[PDB]
$ cat input-v6.cif   # mmCIF, N, CA and C atoms
data_work
loop_
_atom_site.label_atom_id
_atom_site.label_comp_id
_atom_site.auth_asym_id
_atom_site.auth_seq_id
_atom_site.Cartn_x
_atom_site.Cartn_y
_atom_site.Cartn_z
N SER S 1 127.86 99.08 119.55
CA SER S 1 129.18 98.71 119.08
C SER S 1 129.04 97.44 118.23
N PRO S 2 130.11 97.03 117.55
CA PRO S 2 130.18 95.70 116.87
C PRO S 2 129.71 94.50 117.73
N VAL S 3 129.31 93.42 117.04
CA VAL S 3 128.88 92.16 117.67
C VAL S 3 130.06 91.57 118.46
N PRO S 4 129.86 91.09 119.67
CA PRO S 4 131.02 90.62 120.53
C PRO S 4 131.66 89.31 120.03
N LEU S 5 131.77 89.08 118.72
CA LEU S 5 132.51 87.91 118.19
C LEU S 5 133.68 88.44 117.30
N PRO S 6 134.79 87.71 117.14
CA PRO S 6 135.70 87.81 115.93
C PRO S 6 134.96 87.73 114.57
N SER S 7 135.52 88.29 113.47
CA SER S 7 134.98 88.18 112.11
C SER S 7 133.46 88.28 112.00
N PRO S 8 132.86 89.39 112.44
CA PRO S 8 131.43 89.40 112.86
C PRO S 8 130.48 89.39 111.64
N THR S 9 130.96 88.98 110.45
CA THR S 9 130.17 88.89 109.17
C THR S 9 129.61 90.25 108.77
N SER S 10 130.39 91.28 109.11
CA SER S 10 130.08 92.73 108.96
C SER S 10 128.96 93.21 109.90
N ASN S 11 128.77 92.53 111.03
CA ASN S 11 127.85 92.90 112.12
C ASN S 11 126.41 92.44 111.82
N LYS S 12 126.21 91.89 110.60
CA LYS S 12 125.01 91.16 110.26
C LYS S 12 124.96 89.81 111.00
N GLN S 13 123.76 89.37 111.46
CA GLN S 13 123.66 88.08 112.17
C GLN S 13 122.55 87.22 111.65
N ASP S 14 122.93 86.12 110.98
CA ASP S 14 122.02 85.03 110.70
C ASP S 14 121.45 84.43 112.01
N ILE S 15 120.12 84.18 111.94
CA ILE S 15 119.31 83.85 113.11
C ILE S 15 118.20 82.84 112.80
N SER S 16 117.97 81.94 113.77
CA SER S 16 117.02 80.87 113.62
C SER S 16 116.30 80.79 114.96
N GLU S 17 115.33 79.89 115.09
CA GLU S 17 114.62 79.60 116.36
C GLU S 17 115.60 79.03 117.41
N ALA S 18 116.46 78.07 117.00
CA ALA S 18 117.53 77.57 117.86
C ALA S 18 118.51 78.65 118.32
N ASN S 19 119.03 79.49 117.41
CA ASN S 19 120.02 80.49 117.79
C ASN S 19 119.43 81.56 118.70
N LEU S 20 118.25 82.08 118.44
CA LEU S 20 117.62 83.04 119.33
C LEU S 20 117.33 82.48 120.78
N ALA S 21 116.97 81.20 120.90
CA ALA S 21 116.71 80.51 122.17
C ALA S 21 115.30 80.85 122.72
N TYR S 22 114.34 81.07 121.81
CA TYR S 22 113.01 81.49 122.13
C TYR S 22 112.11 81.05 120.95
N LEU S 23 110.80 80.90 121.17
CA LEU S 23 109.79 80.60 120.15
C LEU S 23 109.81 81.49 118.92
N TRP S 24 109.86 80.84 117.75
CA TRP S 24 110.01 81.57 116.48
C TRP S 24 108.77 82.48 116.20
N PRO S 25 108.92 83.79 115.98
CA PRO S 25 107.81 84.78 116.14
C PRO S 25 107.16 85.17 114.84
N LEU S 26 107.60 84.62 113.71
CA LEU S 26 107.03 84.94 112.37
C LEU S 26 106.73 83.59 111.68
N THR S 27 105.99 83.60 110.56
CA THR S 27 105.70 82.36 109.80
C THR S 27 106.74 82.04 108.73
N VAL S 28 107.77 82.84 108.61
CA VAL S 28 108.83 82.64 107.59
C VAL S 28 110.01 81.81 108.13
N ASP S 29 110.84 81.21 107.26
CA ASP S 29 111.98 80.39 107.68
C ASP S 29 113.19 81.26 108.15
N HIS S 30 114.23 80.61 108.66
CA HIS S 30 115.44 81.29 109.23
C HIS S 30 116.17 82.35 108.28
N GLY S 31 116.65 83.50 108.83
CA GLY S 31 117.10 84.73 108.12
C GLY S 31 118.31 85.41 108.74
N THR S 32 118.34 86.76 108.54
CA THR S 32 119.37 87.63 109.15
C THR S 32 118.65 88.77 109.89
N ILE S 33 119.23 89.25 111.01
CA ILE S 33 118.88 90.49 111.73
C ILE S 33 120.08 91.48 111.68
N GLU S 34 119.78 92.79 111.62
CA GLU S 34 120.79 93.85 111.55
C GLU S 34 120.32 95.12 112.25
N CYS S 35 121.27 95.76 112.93
CA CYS S 35 121.05 97.11 113.49
C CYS S 35 121.47 98.09 112.40
N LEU S 36 120.74 99.18 112.16
CA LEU S 36 121.23 100.21 111.24
C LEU S 36 121.32 101.50 112.07
N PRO S 37 122.16 102.47 111.73
CA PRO S 37 122.22 103.83 112.42
C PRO S 37 120.92 104.59 112.85
N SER S 38 120.97 105.12 114.10
CA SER S 38 119.87 105.85 114.75
C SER S 38 118.83 104.88 115.31
N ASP S 39 119.40 103.90 116.07
CA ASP S 39 118.69 102.88 116.85
C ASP S 39 117.55 102.23 116.05
N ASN S 40 117.78 101.86 114.77
CA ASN S 40 116.84 101.05 113.98
C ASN S 40 117.23 99.57 114.03
N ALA S 41 116.24 98.65 114.02
CA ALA S 41 116.53 97.24 113.94
C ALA S 41 115.76 96.67 112.71
N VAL S 42 116.50 95.93 111.86
CA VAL S 42 115.90 95.34 110.66
C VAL S 42 116.01 93.83 110.68
N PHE S 43 115.15 93.18 109.95
CA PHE S 43 115.12 91.75 109.82
C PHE S 43 115.06 91.54 108.29
N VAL S 44 115.81 90.58 107.72
CA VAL S 44 115.73 90.25 106.29
C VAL S 44 115.47 88.74 106.19
N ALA S 45 114.35 88.40 105.59
CA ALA S 45 113.98 87.04 105.24
C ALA S 45 114.96 86.29 104.34
N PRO S 46 114.80 84.99 104.29
CA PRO S 46 115.69 84.17 103.45
C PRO S 46 115.48 84.35 101.96
N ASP S 47 114.38 85.01 101.48
CA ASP S 47 114.18 85.33 100.07
C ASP S 47 114.74 86.71 99.66
N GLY S 48 115.30 87.43 100.63
CA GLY S 48 115.94 88.71 100.48
C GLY S 48 115.08 89.85 100.98
N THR S 49 113.83 89.65 101.49
CA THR S 49 113.00 90.80 101.78
C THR S 49 113.36 91.48 103.10
N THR S 50 113.72 92.76 102.99
CA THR S 50 113.98 93.53 104.20
C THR S 50 112.68 94.11 104.81
N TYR S 51 112.53 93.87 106.13
CA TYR S 51 111.40 94.32 106.97
C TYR S 51 111.88 95.14 108.17
N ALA S 52 110.92 95.87 108.76
CA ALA S 52 111.12 96.53 110.05
C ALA S 52 110.99 95.64 111.29
N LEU S 53 111.96 95.67 112.22
CA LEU S 53 111.82 94.87 113.44
C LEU S 53 111.24 95.75 114.56
N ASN S 54 111.74 97.01 114.77
CA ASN S 54 111.17 97.97 115.72
C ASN S 54 110.41 99.08 114.93
N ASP S 55 109.58 99.82 115.69
CA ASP S 55 108.69 100.93 115.20
C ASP S 55 109.48 102.04 114.46
N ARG S 56 110.72 102.35 114.95
CA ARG S 56 111.64 103.35 114.34
C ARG S 56 112.01 102.96 112.91
N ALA S 57 112.34 101.69 112.72
CA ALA S 57 112.66 101.16 111.40
C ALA S 57 111.45 101.30 110.48
N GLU S 58 110.24 101.10 111.02
CA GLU S 58 109.00 101.25 110.23
C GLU S 58 108.74 102.76 109.92
N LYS S 59 108.93 103.66 110.89
CA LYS S 59 108.97 105.13 110.63
C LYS S 59 110.01 105.55 109.58
N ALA S 60 111.16 104.86 109.55
CA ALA S 60 112.23 105.11 108.58
C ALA S 60 111.85 104.79 107.14
N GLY S 61 111.04 103.77 106.85
CA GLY S 61 110.66 103.39 105.44
C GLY S 61 110.98 101.94 105.13
N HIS S 62 111.41 101.21 106.17
CA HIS S 62 111.56 99.75 106.08
C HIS S 62 110.15 99.09 106.27
N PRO S 63 109.67 98.17 105.46
CA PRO S 63 108.21 97.72 105.49
C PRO S 63 107.67 97.02 106.71
N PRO S 64 106.40 97.19 107.00
CA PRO S 64 105.83 96.36 108.11
C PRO S 64 106.18 94.89 108.06
N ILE S 65 106.33 94.31 109.25
CA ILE S 65 106.58 92.89 109.28
C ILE S 65 105.26 92.16 109.54
N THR S 66 104.12 92.90 109.45
CA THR S 66 102.84 92.39 109.78
C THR S 66 102.32 91.26 108.94
N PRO S 67 102.51 91.12 107.62
CA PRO S 67 101.69 90.09 106.91
C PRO S 67 102.17 88.68 107.24
N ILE S 68 103.43 88.56 107.74
CA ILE S 68 104.09 87.27 108.01
C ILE S 68 104.18 86.90 109.49
N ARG S 69 103.28 87.52 110.28
CA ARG S 69 103.06 87.25 111.71
C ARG S 69 102.61 85.80 112.00
N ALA S 70 103.17 85.23 113.10
CA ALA S 70 102.79 83.96 113.70
C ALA S 70 101.84 84.07 114.89
N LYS S 71 100.76 83.29 114.83
CA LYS S 71 99.90 83.05 115.98
C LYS S 71 100.43 81.98 116.91
N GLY S 72 100.06 82.14 118.19
CA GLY S 72 100.16 81.10 119.21
C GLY S 72 99.03 80.05 119.14
N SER S 73 99.01 78.98 119.96
CA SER S 73 97.78 78.17 120.15
C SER S 73 96.54 78.89 120.80
N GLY S 74 95.27 78.49 120.37
CA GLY S 74 93.98 79.24 120.59
C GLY S 74 94.04 80.66 120.02
N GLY S 75 94.93 80.83 119.03
CA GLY S 75 95.19 82.05 118.27
C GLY S 75 96.04 83.15 118.94
N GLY S 76 96.01 84.42 118.42
CA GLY S 76 96.70 85.53 119.05
C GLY S 76 98.16 85.63 118.57
N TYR S 77 98.63 86.85 118.20
CA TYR S 77 99.98 87.04 117.61
C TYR S 77 101.03 87.03 118.72
N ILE S 78 102.22 86.57 118.34
CA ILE S 78 103.40 86.59 119.18
C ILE S 78 104.19 87.89 119.01
N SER S 79 104.82 88.29 120.13
CA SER S 79 105.73 89.45 120.18
C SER S 79 107.12 89.26 119.57
N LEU S 80 107.62 90.37 119.02
CA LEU S 80 108.94 90.51 118.39
C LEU S 80 109.98 91.09 119.37
N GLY S 81 109.74 90.99 120.67
CA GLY S 81 110.51 91.70 121.68
C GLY S 81 111.76 91.03 122.14
N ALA S 82 111.63 89.73 122.44
CA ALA S 82 112.77 88.92 122.78
C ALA S 82 113.76 88.93 121.60
N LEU S 83 113.26 88.80 120.35
CA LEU S 83 114.07 88.83 119.14
C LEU S 83 114.70 90.23 118.91
N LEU S 84 113.89 91.31 119.09
CA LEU S 84 114.36 92.72 118.99
C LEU S 84 115.41 93.00 120.03
N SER S 85 115.09 92.74 121.29
CA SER S 85 116.01 93.08 122.39
C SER S 85 117.38 92.42 122.18
N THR S 86 117.35 91.12 121.80
CA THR S 86 118.55 90.32 121.49
C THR S 86 119.30 90.89 120.29
N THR S 87 118.55 91.35 119.27
CA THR S 87 119.20 92.01 118.16
C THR S 87 119.94 93.32 118.53
N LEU S 88 119.41 94.18 119.48
CA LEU S 88 120.06 95.44 119.93
C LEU S 88 121.05 95.26 121.13
N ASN S 89 120.93 94.16 121.87
CA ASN S 89 122.02 93.68 122.74
C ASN S 89 123.28 93.35 121.91
N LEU S 90 123.08 92.70 120.71
CA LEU S 90 124.15 92.17 119.84
C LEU S 90 125.07 93.30 119.37
N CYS S 91 124.42 94.41 118.99
CA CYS S 91 125.09 95.63 118.49
C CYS S 91 125.16 96.72 119.58
N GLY S 92 125.18 96.29 120.85
CA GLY S 92 125.33 97.12 122.03
C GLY S 92 126.63 97.91 122.10
#
$ encode --input "input-v6.cif" --output "structure tokens"
Amino acid sequence: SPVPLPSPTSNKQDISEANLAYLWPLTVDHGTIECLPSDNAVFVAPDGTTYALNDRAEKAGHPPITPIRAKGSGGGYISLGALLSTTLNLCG
């Protein structure tokens, strides 16, 4: 369903490390997240680039979010799950 706020900016949600409430999972600056029809989740960077957030969105033809991945300390990539789950809770 729509985002549980008034005037929901057309169900699009601008998102940052502070707003998500979890460690920022990509190397790019703050952007927008969106649900699209048939349980797809998308992320759009601040330069306008639309990427896939879940595997379905990547099967759909939205691009990998892989080149802009963030490592943790002593290396190793971070998960997009807390950010994904929160994005599909929003459009619950």
$ residues_around --input "input-v6.cif" --residues "segment 29-41 of chain S" --least-positions-apart "5" --cutoff "7 Å" --atoms "only C-alpha atoms" --output "PyMOL selection string"
chain S and resi 12-16+46+52-54+56-57+87-88+91
$ select_by_dssp --input "input-v6.cif" --residues "chain S" --states "strand (DSSP E or B)" --output "compact mmCIF listing (two decimals) with N, CA and C atoms, in the coordinates of the input"
# COMPACT_ATOMS: atom_id res chain seq x y z
N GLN S 13 123.76 89.37 111.46
CA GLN S 13 123.66 88.08 112.17
C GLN S 13 122.55 87.22 111.65
N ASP S 14 122.93 86.12 110.98
CA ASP S 14 122.02 85.03 110.70
C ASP S 14 121.45 84.43 112.01
N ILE S 15 120.12 84.18 111.94
CA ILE S 15 119.31 83.85 113.11
C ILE S 15 118.20 82.84 112.80
N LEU S 26 107.60 84.62 113.71
CA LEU S 26 107.03 84.94 112.37
C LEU S 26 106.73 83.59 111.68
N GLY S 31 116.65 83.50 108.83
CA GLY S 31 117.10 84.73 108.12
C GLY S 31 118.31 85.41 108.74
N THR S 32 118.34 86.76 108.54
CA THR S 32 119.37 87.63 109.15
C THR S 32 118.65 88.77 109.89
N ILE S 33 119.23 89.25 111.01
CA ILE S 33 118.88 90.49 111.73
C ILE S 33 120.08 91.48 111.68
N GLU S 34 119.78 92.79 111.62
CA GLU S 34 120.79 93.85 111.55
C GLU S 34 120.32 95.12 112.25
N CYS S 35 121.27 95.76 112.93
CA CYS S 35 121.05 97.11 113.49
C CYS S 35 121.47 98.09 112.40
N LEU S 36 120.74 99.18 112.16
CA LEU S 36 121.23 100.21 111.24
C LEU S 36 121.32 101.50 112.07
N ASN S 40 117.78 101.86 114.77
CA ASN S 40 116.84 101.05 113.98
C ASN S 40 117.23 99.57 114.03
N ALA S 41 116.24 98.65 114.02
CA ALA S 41 116.53 97.24 113.94
C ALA S 41 115.76 96.67 112.71
N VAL S 42 116.50 95.93 111.86
CA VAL S 42 115.90 95.34 110.66
C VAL S 42 116.01 93.83 110.68
N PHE S 43 115.15 93.18 109.95
CA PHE S 43 115.12 91.75 109.82
C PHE S 43 115.06 91.54 108.29
N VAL S 44 115.81 90.58 107.72
CA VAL S 44 115.73 90.25 106.29
C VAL S 44 115.47 88.74 106.19
N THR S 50 113.72 92.76 102.99
CA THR S 50 113.98 93.53 104.20
C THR S 50 112.68 94.11 104.81
N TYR S 51 112.53 93.87 106.13
CA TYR S 51 111.40 94.32 106.97
C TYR S 51 111.88 95.14 108.17
N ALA S 52 110.92 95.87 108.76
CA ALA S 52 111.12 96.53 110.05
C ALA S 52 110.99 95.64 111.29
N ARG S 69 103.28 87.52 110.28
CA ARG S 69 103.06 87.25 111.71
C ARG S 69 102.61 85.80 112.00
N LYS S 71 100.76 83.29 114.83
CA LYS S 71 99.90 83.05 115.98
C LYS S 71 100.43 81.98 116.91
N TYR S 77 98.63 86.85 118.20
CA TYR S 77 99.98 87.04 117.61
C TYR S 77 101.03 87.03 118.72
$ closest_residue --input "input-v6.cif" --among "S:69, S:77, S:44, S:82" --to "residue 27 of chain S" --atoms "only C-alpha atoms"
S:69
$ atom_distance --input "input-v6.cif" --atom1 "atom N of residue 63 of chain S" --atom2 "atom C of residue 47 of chain S"
13.8 Å
$ atom_distance --input "input-v6.cif" --atom1 "atom C of residue 90 of chain S" --atom2 "atom C of residue 20 of chain S"
13.4 Å
$ select_by_dssp --input "input-v6.cif" --residues "chain S" --states "alpha helix (DSSP H)" --output "ChimeraX atom specification"
/S:17-20,55-60,81-90
$ atom_distance --input "input-v6.cif" --atom1 "atom CA of residue 9 of chain S" --atom2 "atom C of residue 55 of chain S"
25.1 Å
$ closest_residue --input "input-v6.cif" --among "S:43, S:25, S:19, S:51" --to "residue 81 of chain S" --atoms "all atoms listed in the file"
S:25
$ resolve_selection --input "input-v6.cif" --expression "the PyMOL selection byres (((chain S and resi 1 and name CA) around 8) and name CA)" --output "mmCIF file with N, CA and C atoms, keeping the file's coordinate frame"
data_model
loop_
_atom_site.group_PDB
_atom_site.id
_atom_site.type_symbol
_atom_site.label_atom_id
_atom_site.label_comp_id
_atom_site.auth_asym_id
_atom_site.auth_seq_id
_atom_site.Cartn_x
_atom_site.Cartn_y
_atom_site.Cartn_z
ATOM 1 N N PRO S 2 130.110 97.030 117.550
ATOM 2 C CA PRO S 2 130.180 95.700 116.870
ATOM 3 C C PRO S 2 129.710 94.500 117.730
ATOM 4 N N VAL S 3 129.310 93.420 117.040
ATOM 5 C CA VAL S 3 128.880 92.160 117.670
ATOM 6 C C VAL S 3 130.060 91.570 118.460
ATOM 7 N N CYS S 91 124.420 94.410 118.990
ATOM 8 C CA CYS S 91 125.090 95.630 118.490
ATOM 9 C C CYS S 91 125.160 96.720 119.580
ATOM 10 N N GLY S 92 125.180 96.290 120.850
ATOM 11 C CA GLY S 92 125.330 97.120 122.030
ATOM 12 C C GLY S 92 126.630 97.910 122.100
#
$ resolve_selection --input "input-v6.cif" --expression "the PyMOL selection byres ((chain S and resi 68) around 7)" --output "list in words"
residues 25, 26, 27, 28, 64, 65, 66, 67, 69 and 70 of chain S
$ closest_residue --input "input-v6.cif" --among "S:23, S:59, S:45, S:50" --to "residue 71 of chain S" --atoms "only C-alpha atoms"
S:23
$ closest_residue --input "input-v6.cif" --among "S:8, S:58, S:48, S:17" --to "residue 83 of chain S" --atoms "only C-alpha atoms"
S:17
